[PDB]
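> Give me coordinates for this.
(7 chains, ligands or ions: 1)
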Amino acid sequence: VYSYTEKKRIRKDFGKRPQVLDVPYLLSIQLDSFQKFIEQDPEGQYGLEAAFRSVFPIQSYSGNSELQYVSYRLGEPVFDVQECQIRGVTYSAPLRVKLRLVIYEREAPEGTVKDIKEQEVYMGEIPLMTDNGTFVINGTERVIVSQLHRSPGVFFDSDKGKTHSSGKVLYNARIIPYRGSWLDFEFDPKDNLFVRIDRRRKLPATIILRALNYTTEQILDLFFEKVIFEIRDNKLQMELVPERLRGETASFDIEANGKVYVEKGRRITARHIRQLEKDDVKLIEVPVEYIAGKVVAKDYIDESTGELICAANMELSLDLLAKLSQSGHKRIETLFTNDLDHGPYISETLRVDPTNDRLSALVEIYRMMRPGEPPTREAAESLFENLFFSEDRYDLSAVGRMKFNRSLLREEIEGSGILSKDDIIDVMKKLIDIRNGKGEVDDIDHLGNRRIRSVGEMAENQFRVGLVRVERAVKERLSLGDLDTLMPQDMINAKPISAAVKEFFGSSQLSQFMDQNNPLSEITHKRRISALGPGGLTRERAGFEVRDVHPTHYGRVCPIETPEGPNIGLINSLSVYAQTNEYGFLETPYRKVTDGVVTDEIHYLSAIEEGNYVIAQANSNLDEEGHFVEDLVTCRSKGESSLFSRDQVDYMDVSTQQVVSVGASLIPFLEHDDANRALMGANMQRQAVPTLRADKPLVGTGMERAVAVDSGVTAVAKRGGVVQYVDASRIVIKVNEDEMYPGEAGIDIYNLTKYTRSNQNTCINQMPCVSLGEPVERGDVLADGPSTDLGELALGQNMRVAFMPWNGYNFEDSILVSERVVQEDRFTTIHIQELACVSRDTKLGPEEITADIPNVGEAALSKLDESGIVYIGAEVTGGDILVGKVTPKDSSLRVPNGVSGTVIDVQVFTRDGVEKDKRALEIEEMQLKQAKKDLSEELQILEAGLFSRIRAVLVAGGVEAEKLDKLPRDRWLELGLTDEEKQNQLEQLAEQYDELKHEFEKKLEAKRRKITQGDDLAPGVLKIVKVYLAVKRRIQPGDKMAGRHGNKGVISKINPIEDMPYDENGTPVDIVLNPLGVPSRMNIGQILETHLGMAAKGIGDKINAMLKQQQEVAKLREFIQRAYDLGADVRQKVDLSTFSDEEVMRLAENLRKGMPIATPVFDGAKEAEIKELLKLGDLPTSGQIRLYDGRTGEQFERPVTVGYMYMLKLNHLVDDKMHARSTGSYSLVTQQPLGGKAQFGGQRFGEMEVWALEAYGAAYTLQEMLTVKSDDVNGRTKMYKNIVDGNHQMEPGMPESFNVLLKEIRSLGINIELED
Amino acid sequence: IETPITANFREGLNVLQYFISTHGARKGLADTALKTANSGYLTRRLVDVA
Amino acid sequence: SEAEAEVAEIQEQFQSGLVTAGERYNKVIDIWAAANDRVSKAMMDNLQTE
Amino acid sequence: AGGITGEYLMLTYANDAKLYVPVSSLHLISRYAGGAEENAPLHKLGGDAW
Amino acid sequence: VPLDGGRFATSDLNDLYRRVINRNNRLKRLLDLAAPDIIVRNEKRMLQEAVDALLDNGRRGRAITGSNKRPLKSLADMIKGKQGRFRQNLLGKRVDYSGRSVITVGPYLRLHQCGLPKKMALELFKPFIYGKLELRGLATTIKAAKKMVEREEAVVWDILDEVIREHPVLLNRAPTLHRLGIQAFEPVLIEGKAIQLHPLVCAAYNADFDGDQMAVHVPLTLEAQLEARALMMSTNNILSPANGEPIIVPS
Amino acid sequence: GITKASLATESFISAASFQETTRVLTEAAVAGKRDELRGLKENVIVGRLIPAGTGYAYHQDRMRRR
RNA sequence: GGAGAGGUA
Ligand SMILES: [Mg+2]
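Numbering: from 1, shown residues only, chains lettered A, B, ... in the order given. Provided below are the atomic coordinates:
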């Protein structure tokens, strides 16, 4: 069941739910989006193909030629990722498109091809996404963050009684096309219906009704239910449907069928409707007051005179009834209105409508759009038909049409991108229905309303925006004359494309600098879902509702992982199993549940479909048949958790950990923590510094292998085989005999990135975790990245903690750390800096970088080499000279004042055409020697790999063992062997070698063409030299180190070993935390991890006992087998009887420091299992031991909690925070001290800190803090000469920023002066 | 919500109870941030009048 | 368990139309608040003199 | 070429710039006369920098 | 000012002034050349718009943008708002003789004292150290004293212990909400890098030790030292000004 | 209210460093106003002793002088 | 000197 390379150390998986869908590739959104961008799409709807098909063919306006598009191809990048980062240039591929310019001849009729030319034109270099999701843009790895924006479609909304002071809600409906003018309907405070476009002048909705060839009769037919009146011999026989009377008040003698049904003064009851239908009553006799205010539907003309009696939509009257009666009218049609359920929101608009026919409505629209420009008849009709009903100038996208049809309860999710008449009709009908009382408005926080714009879509949109300018230029050049001498390169320019692509990738609001101080930090920064950026809301104009988690977030967006401060819930992070739909919406997987069986088919439900079905809870106890154990199981129907039946459920959650993100699913015992403290725990787990020696967590979740593998930090084997050669800088894998390809047999070589710097100035390196000659398999890790142990994420150390107050040294949130923690160097972290010294081309010529500097002794120049550059490996401190440089008339690059370090790498760049010094050549020949060495080692090891396989096929068919080395390995071809498929392999395998003999001759020359070539530089700089310093910050009071459950705190004292509280066995506690942080800050999960960490180290202290004294492996195999048992029906179920008797002593060697424990996010180890695990080891089962004082030597009362909490070390080091300044540089425009730590600047005594000096009586302290200390230039030099002269006294005067304010106010037409 | 969280922090909150807890806690955190941004302007107004 | 039984009783009352929706909702809120008070009182009585 | 499928004869000029002469317009396609059918030059199509 | 790359900063006021001068000179040329009334009227309108964009840009209908569609900063924008003169350079300034560091507890302190790093205290009290070095005659100039304190000889530490003796320093936490947010303290030199803060003034500061930072200002004069010791010392602020109840309550 | 009770101040500097500098100076320039530094905020602006604390005795001495 | 992004209290 297990591989060979997981048996090194298998984590004891707790947890009870079997997994039916494994955790997907965590970087799926980035790679899938940029794969939909750069791929040939035969259907032509994704990425570059969609853009080229949307723009091309470009037809000229003259009418003779067009430029059509054939295909495209991304060329090989000039460099690859490593030297793209080294030189500081983009890792991009050159786009090469095959354009096909036709030429139509003038003499022939319309459409005839004189000539047609074609060439592959280069247009723009587009950046390439790396193997992970990162873009190397200018030598700095950035990440484009997926956006969460408003989807195109139709949106019914309302402003909840917050306008016009009427206390009334005004419902509106927007139609938002992907490309076109928006169409807004809204309700007036008088219940009128009003239409506007682009928020122009507000028009009645009947204007756009009449614009679609609708008379008043058809409008009232559409928007109203008819009531028939039948004038007869006796008194207004009106047909009356019984359920039309609900919610109405009787006002007359309601009598029918010879029965007095309802008397006046009554509300019409339900049983009245029941009896009126039970007696089957349809026609009623009513008085004439019931027609005194009704509205006629259609027009009624006299059948003889032919004159208009009553117009359409007129209020009937007594004499009007007489006039229709005298004209032989029998059926009279009125509109069914109401005060509650059917308002007259259309009739009132028609009475506000200042038009009467189609043409007046179109002219009113025309005058609304463009004031002035006197209307004509085509100028209005063509404008309206091209406004909403033209494919060229209006387009709902596929997602737009999908949302449009889905919100209107249609079924066809596809159709025309333009608006239809029935579409606008349905929008008005739905809006009037919302106003009526049925239905609800749409909330924009819903994830079925917000849409993901990942890397590929935004880049493609920016590419198309840049391509519009190009097609304008091409159409211009085509429309100019004399086309027969042209080619598709003179008209098309790559500068708009490259500009609009490089501007988006380089400097945008969503293409942002990568956080790179963890594998976790990278892999979770590539999965943010930002609600900001272009086309999105503002950071500081966002309300309380979009910032809050919505019931739709379940399974798509994590609810606990989000930053705190200025933007909570605007930088939301993806969940674990969350995917992006075909249309860009977020969707989450669910097991399809049949009649009673929880099956194993997985359907990915989107955010809109999830409200229709009912979904069970993640942890509902099913047992061996998919049958639920209960009959009242907790489920979610539509944003409402509640208990439903057993045979009602339609879906079940895939796993308990699909609600949380990837960083918040690394927290053990998450279900015991609070939500605030879990938020802090995730946000601080993203910031841990990778320490010197990575150390696994004893208590984990098992989501750490997935994080350390899916992130690209670890070097992972591609094809299984045998490790032929392990070095500190490379791993060589001899591939197996089946996975190896027939042509280009070869072997695998992995180069390990050594001590290079990351973005956050941490050190990232890869270290081999495989021995020599170990069988590795496909997908298995070979080299640990930064802060991973055996290919699983290990952000910090796991350390023996005690929860007790210790003499106030852990008072509020502080931490008391043993000195053995510093002695073991287990929090010492490498920090690599980069210092650049440039050579500007200035007046009096450029500057030399030689060592000859005035006013420096040999004590300063003792470290520089002969050419003025610091020696590699020279331990420099603050204030030394790294690269000497002189002023043309002391411009030497100094170490920053406070940092130390060992210079580990010097990189020198030179312009194309500058003579280089000996140090640049000293690097150059050493760089070039490796290039010869690496390719020869690439070849001769592969040469050893070919001839070994050439010898391998010599096991049969031509076997002469002695003859193979009568002549050397070169000629194993013309030897005696039967000319068959076996001899075909010899001429095939050596053909690769002959190809490699041609690979050697051009590749090494190409690497010569790059090493000595002049690198591209900025205009003005002539040569750049870069120095790298590796610094080991160990630990000290002031450093901020935190745990995994949101319990931060600065280390306060480094207290020696003898002062630590030891137990009854002599082992000193490493860290003494405070108990008072547990009740208030409700992170109980830090205590169970402490108990489970102590239990985990209990197993590692009994395996150490059985290994320190040598015991037979039958004892070790017995105990380790018991330790992987004792779960309450857990799913792990390992078997030590299948281990080959040397994979146990290799397993028990990795378990001698504590057996690792997997605690899944909501399938945690129950408290009864923690005690039982504490009982297998001989530890006490209460989790608390008797702990002795370290100094007085006597026993602490009240036995205290000890255990092994896994403590991180955050990237807020007190070395980088401590600042001080007495006097320094000053700002130019205002004579005040500068601001910052890089600039040697002073603190800001801000406005809010001045009030606290006026609130005292400190009037002399306040005066010196804003005249003498800060601003007044003529009295602060007098102060410095007074402080040194032993005279503490100020002569302040007037601040220099007041005189700036006078000169600025006087720079207007405002005279401000000072009086007597 | 008519179904309360019937599990303390010593026992384990299941998924739905934790989601509801997150509703409450995210409400509290956003309210805290914007109430800080409001009270700062309030005390600035009070200082500048007296 | 008593609270679950009696809220099942209120649910059966609603399914037979003896109570409205808002009244059932308010009754469920009231009974769950009472159960919370009883659990809190039992927990304090177990702690403060254990 | 815009909804009209046609047959062309395709020539490779310098830098692999294709040119499709219509088969109806065959009379501008003359054979080589320099007598160097395997040593003929290859004109750059379109005359860029001509 | 230059951008250190050979290129100069935008300096948005010079752009507005240059546009005003350009339109004014063009209008003078049009007046000299006896231009037709419509052309000179258009140019006079453009000069009016240029001057209005120089005085208060954006108050009229459309502002003018210099780079990346961001509107230019005018003369009235150097006074308004948080980044104007009044609220940024006059009511609160940047202050010399000041430092900043992370706080730890150090519960061995008394109520009237705070820890202070040796390096931070040496940099903050540098002119006082110069004065004492010239007083004891170890350096008969300021340059020798500067090189002596940058070398950190074994004698400048006794000079620190002399200048520290009764010289209170003001400690201020970043969101100073009431007058207990700035308090005087007496410095005790610490061979560390973190400002140890007496755990009874955390109630006043609202300063937990979960990563907070604190600013140290050195009162310079003699009036300022006596003001610190008399009014702002932490042994005088044991009652809250909001109500007579104590503010140094055991936490 | 406190927004209007501080902009309707007899001094045009204690109301200019508060909100709406533009609306205050134009109203206080056409009126030819004259601040006389009778406050705490406009002595912070101009850099002199606050007339409240230990600088209160200074401002009485400076007032009886003139 | 200014914008954009992220972070700590
Ligand atoms: Mg804090």
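> how about the helix or strand encompassing residue B:45: buried residues?
Using DSSP states H and E, residue B:45 falls within helix B:15-49. By 16 or more other CB atoms under 10 Å in any protein chain shown, the buried positions in helix B:15-49 come out as B:15-23, B:25-26, B:29-30, B:33-34, B:44-45, B:47-49. In this view, the C-beta of every residue, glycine as well, is placed from N, C-alpha and C.
> Centre-most residue in the chain?
Chain wasn't specified; assuming chain A. The residue lying closest to the centre of chain A (CA atoms, centre = their mean) is residue A:528, at 2.2 Å.
> Chain E is the one I meant
Centroid-nearest residue in chain E, with CA atoms, centre = their mean: residue E:94, separated by 1.8 Å.
> Tell me which residues touch the closest residue to the residue nearest to the centre of chain A other than its chain neighbours, please.
In space, and not counting its chain neighbours, residue A:528 is closest to residue A:145: 4.7 Å by CB to CB, 6 or more residues apart in numbering or on different chains. The contact partners of residue A:145, by CB atoms under 8 Å, 6 or more residues apart in numbering or on different chains, come to A:510, A:511, A:512, A:525, A:528, A:529, A:530, A:533.
> show me the residues around the spatially closest residue to residue A:1239 that is not a sequence neighbour that make contact.
With CB to CB, 6+ apart as the criterion, residue A:1239 has its nearest non-adjacent residue at 6.9 Å, and that residue is residue A:1225. By CB under 8 Å, 6+ apart, the contact set of residue A:1225 is A:1233, A:1234, A:1239, A:1240, A:1241.
> Go again with 10 Å.
Listed by CB atoms under 10 Å, 6 or more residues apart in numbering or on different chains, the contact set of residue A:1225 reads A:1233, A:1234, A:1239, A:1240, A:1241, A:1242.
> Distance check, whichever residue of the stretch 101-250 of chain E sits closest to chain B against residue E:76.
Residue nearest to chain B within the stretch 101-250 of chain E (CB to the nearest CB): residue E:177, separated by 7.4 Å. Separation of residue E:177 from residue E:76 (CB to CB, to the nearest Å): 32 Å.
> Looking at those two, which one has more neighbours?
residue E:76 (21 against 15; other CB atoms under 10 Å in any protein chain shown).
> Please report how far the residue nearest to the more buried one when sequence neighbours are not counted lies from residue E:79.
Counting by CB to CB, 6+ apart, residue E:76 lies nearest to residue E:56, which is 3.9 Å off, once chain neighbours are set aside. According to CB to CB, residue E:56 stands 10 Å off from residue E:79.
> still on that earlier bit, ok, the residue nearest to the centre of chain A touching residue A:454?
No - Residue A:528 is beyond contact range of residue A:454, at 11.0 Å (criterion: CB atoms under 10 Å).
> Excluding sequence neighbours, find me the nearest residue to the spatially most central residue of chain B.
In chain B, the centroid-proximal residue (CA atoms, centre = their mean) is residue B:28; its distance is 0.8 Å. Excluding the flanking residues, the one nearest residue B:28 by CB to CB, 6+ apart is residue A:676, at 7.3 Å.
> my read: that neighbour touches residue A:559, true?
No - counting by CB under 10 Å, residue A:559 is not a contact partner of residue A:676; they are 11.9 Å apart.
> and for the two, which residues touch both?
Contact with both residue A:676 and residue A:559 is made by residues B:21, B:22, B:25, B:26, according to CB under 10 Å, 6+ apart.
> give the contact list for the second one.
By CB under 10 Å, 6+ apart, the contact list for residue B:22 reads A:548-549, A:553, A:558-560, A:562, A:659-660, A:674-676, A:678-679.
> what does the stretch 551-700 of chain A put close to RNA strand G?
A:563, A:564, A:565, A:567, A:571, A:680, A:683, A:684, A:687 (CB under 7 Å from any atom of the strand).
> Give me the buried subset of those.
Burial by neighbour count, judged by 16+ other CB under 10 Å, picks out A:563, A:567, A:571, A:680, A:683, A:684, A:687 from these.
> what residues does the stretch 301-450 of chain A put near chain B?
Within reach of chain B by CB under 10 Å from any CB of the partner chain, the stretch 301-450 of chain A has no residues at all.
> re the thing from before, between the residues of the stretch 551-700 of chain A next to RNA strand G, which is nearest RNA strand G?
Nearest to RNA strand G among those: residue A:563, at 3.2 Å, using CB to the nearest atom of the strand.
> Name the nearest residue to the closest one, ignoring sequence neighbours.
Leaving out its chain neighbours, the residue that sits closest to residue A:563 by CB to CB, 6+ apart is residue A:571, at 5.2 Å.
> Looks like that neighbour contacts residue A:536 (just checking).
No - the criterion here is CB under 10 Å, and residue A:571 misses it with residue A:536 at 11.7 Å.
> Confirm for me that residue A:1292 is in contact with residue A:1262.
No - taking contacts as CB under 10 Å, residue A:1292 lies outside contact range of residue A:1262: 11.1 Å.
> more crowded one of the two?
residue A:1262 (29 against 23).
> Please render the contacts of residue B:22 as TSV that adds neighbour count and distance to residue A:187 to the earlier fields.
Below are the contacts of residue B:22 laid out as TSV (neighbours: other CB atoms under 10 Å in any protein chain shown; distance: CB to CB, whole Å):
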residue	neighbour count	distance to residue A:187
A:548	19	27
A:549	26	31
A:553	26	31
A:558	29	38
A:559	29	35
A:560	31	40
A:562	27	36
A:659	30	39
A:660	29	42
A:674	23	44
A:675	25	40
A:676	22	41
A:678	28	44
A:679	25	41
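> Reformat these into JSON lines and put distance to residue A:766 and secondary structure next to each item.
Shown next, in JSON lines, are those (distance: CB to CB, whole Å; DSSP: H, G, I helix; E, B strand; the rest coil):
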{"residue": "A:548", "distance to residue A:766": "42", "secondary structure": "coil"}
{"residue": "A:549", "distance to residue A:766": "38", "secondary structure": "coil"}
{"residue": "A:553", "distance to residue A:766": "37", "secondary structure": "helix"}
{"residue": "A:558", "distance to residue A:766": "29", "secondary structure": "coil"}
{"residue": "A:559", "distance to residue A:766": "35", "secondary structure": "coil"}
{"residue": "A:560", "distance to residue A:766": "32", "secondary structure": "coil"}
{"residue": "A:562", "distance to residue A:766": "32", "secondary structure": "coil"}
{"residue": "A:659", "distance to residue A:766": "34", "secondary structure": "coil"}
{"residue": "A:660", "distance to residue A:766": "29", "secondary structure": "coil"}
{"residue": "A:674", "distance to residue A:766": "37", "secondary structure": "coil"}
{"residue": "A:675", "distance to residue A:766": "36", "secondary structure": "coil"}
{"residue": "A:676", "distance to residue A:766": "37", "secondary structure": "helix"}
{"residue": "A:678", "distance to residue A:766": "31", "secondary structure": "helix"}
{"residue": "A:679", "distance to residue A:766": "32", "secondary structure": "helix"}
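> All good on my end, thank you.
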